[PDB]
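Taken one at a time, structure 1 and structure 2 that follow are two forms of one protein chain, written as structure tokens.
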Structure 1
């Protein structure tokens, strides 16, 4: 339940926010720590070729020891806020190793660890047992040339370069449950319940609750209230065969694909969840994040 290391971890993949000068010293210190304890370090192609770190030769003594990015990765460290873990999930479409994320200034949700005294935290997580949460992920299959994507926070079917009132049908196990008008629909995981789905008047869901959230974006009906459906159900969103001005689908703020007549978007609960490492335990960590980030019940 907490942490099952079959064999002692030896590979670390460190993902950096990139295009940010504030992270150079933290990345350098963390890499020195990881290389000190005889543990292999992996770095993305674009991160090792960063000109700012290329110019610095003092760190170069460990640059030559950086392997370049399966199952070869065994432990992921994220340096950033709420975007580094999304990129990490994008990188691994299959089984993803345990990930711990450090917040360098903004506490967020997916970055519970504080950078201060990271020595002991890293040593404890590698050697000892920490607590993990198996955040659910959505498998999304787009039929136009079928492509599979993995979504952590939400998938948004909305307007785009063109902007008229969209009208899209949602089928659930083959039964047409609703047609949604307005600015669009959000299908989200419990992890993304505090993401954009929260801004659309949707309830916040702990990541341990297996569910799929359907939330509107400014629905034209005063009664369309956000709902949740069981994790194992298969959603299928497609254009109603009555409306022009085809829609656009986005996957956690990533490549927006235009969906037209005859296109289908199938959403299911993926079998490959994301283990996120928590500082103390899921409940207190989640509630502290709620209190500190969106000011849930400050009064």
Structure 2
């Protein structure tokens, strides 16, 4: 229930859209046509700036020539972007979260096909909504993110995920057998298809398919959900956000495991490797249409079919 307050009037907006999608080509230009008409800097990923349809078109004008390239080189500074506009499904928002590994500017996501969960706004009558979110204030949800450190026995890698982290099997057929520690204490041993460590944002994601309870994104917590546990008594856990999970292979594990962050960058976990999961200090602010509760329940009713008569 936090209103979007600007210390200074926003002037630079980063626009992110799913590539290799013709249906998104026409709206995107229009959005930029409005943003240039509003006298604002527009940042576009150079990957799609070179697309033949985007470049070789009559829509060049003063928009394409003024498409400032996004600072994809290293990280530059996140203060160069005031807020982010996403076109497409929740995958676009996940990609935007992956792009910004530090402080994330407020994100205003638009949906063109299904409503989804991370895309509350609708592209119809987008001019009024954009003007309201720029001049006036809008409700935002500070969706927490998971900070993950993978240690190979010692190479270290760091990621930040928004939906979940899935530790499962890969090409192997034997059910995975891993050990989960919480604050240095061996909380449990997961035997079966795998385990999911998710944020409340990811509660309605793939974690929901495994039987986890739907959690409002304003609840500070971390969900542990087993994918097809071997035991009947394994019930999903909800633990405080301040804890530090550590997932390892059991000392008697015959084979390896595979870890995926938001469905991408799937990498193998062997003996001596560890996955440390905490709550990140850089949550993603997602701009809501009316209010967090109403938007969340509307998405539950539409994206899922939660409690339909």
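Positions refer to the first chain, counted from 1. Only residues modelled in both forms are compared. By rigid core we mean the largest C-alpha set that fits within 1.5 Å across both forms.
Looking at 60, 230, 253, 262 after a core superposition between structures 1 and 2, you find that only 60 has a C-alpha shift of 2 Å or more.
In this overlay on the rigid core, residue 163 has a C-alpha that sits 2 Å or more away from its partner position between structures 1 and 2. Its Cα shifted by 0.3 Å between structures 1 and 2, residue 216 is reported here after superposition on the rigid core. The rigid-core fit between structures 1 and 2 yields the following 3+ residue runs with every Cα displaced by 2 Å or more: 57-61, 161-163.
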